[PDB]
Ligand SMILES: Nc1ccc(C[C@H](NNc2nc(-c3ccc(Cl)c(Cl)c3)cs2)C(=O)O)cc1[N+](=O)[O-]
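The chain below stands alone and is given as C-alpha cells, in the form deposited without the named molecule.
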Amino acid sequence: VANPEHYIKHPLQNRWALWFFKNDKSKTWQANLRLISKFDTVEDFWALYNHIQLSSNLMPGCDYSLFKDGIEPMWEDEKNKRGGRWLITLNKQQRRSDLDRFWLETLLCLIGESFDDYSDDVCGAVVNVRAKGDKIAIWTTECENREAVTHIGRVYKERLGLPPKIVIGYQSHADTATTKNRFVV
C-alpha cells in the first residue's frame, strides 16, 4: 500500500474545541459563550488559526477558549471544578508586543502536549481581552496535585520566555469565585 507519510494528517493526542465569548450585557455569561469549531490534527489547527482574528484585534470584553473535546470553558464543568488556573497578567503595552505571541505559544503547549505526562491534567486555556489589561491562563483539572501543577507552570513560564523576576500565580477556581495563590513559580 501507500506510505501514509505522504498523505496522512498529523494527528493530535486530543481533539480541541475553540470557543468565543462576545460581551453582551442583555444576555447571561453562558449565553455569550459560543463554539467555533473542532480539530484533532496539526493541519486543521492552522486551518482554523489562520482565518481568525488575533487576540490584539478583538473588542474589549472578548475571550478565546481552547479546551479538550468534552470540557466546557467554565469552572462548573466536572473537569474544572476541582482545579485552577495559571494566570498571566499583561499590561496595556504588552498587547502590541506579547499578547499574540504568548497566546500562540499557549496554543502550541496544549495541542503539542508539552508537559509530559502532566498534559492529562491540563483542561484548556483562555485569553481575556480587557482594556485595563489582558490576561492569559492555562486551566488544570486538580489543584491538589502539587507535582502536576508545578511542572505545568514552570514549563509554561519557560516556553513564554518570562524572566525569573516575573512571578506568576496559580489560583483555584473555588477560591476565585468566593484572590490568593496556591502556587507560585
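Each form is matched to the other, and the largest set of C-alpha atoms that superpose within 1.5 Å is called the rigid core. For every residue, the number given is its place in the sequence shown, counted from 1.
There is another form of the same protein, the form solved in complex with the named molecule; it is not shown, and what comes next is about it.
Comparing 26-34, 140-148, 116-124, 153-161 against the named molecule in the deposited bound form, the single stretch with non-hydrogen atoms within 4.5 angstroms of it is 26-34. Not displayed here, the named molecule is approached by residue 22 to within 4.5 Å at the level of heavy atoms in the deposited bound form. A residue is said to contact a partner when one of its heavy atoms sits within 4.5 Å of a partner heavy atom; residue 42 fails this definition for the named molecule in the deposited bound form, lying far away.
With the core held fixed by superposition, the comparison between the shown form and the other one singles out 27 as the only member of 130, 27, 38, 154 whose CA moves by at least 2 angstroms.
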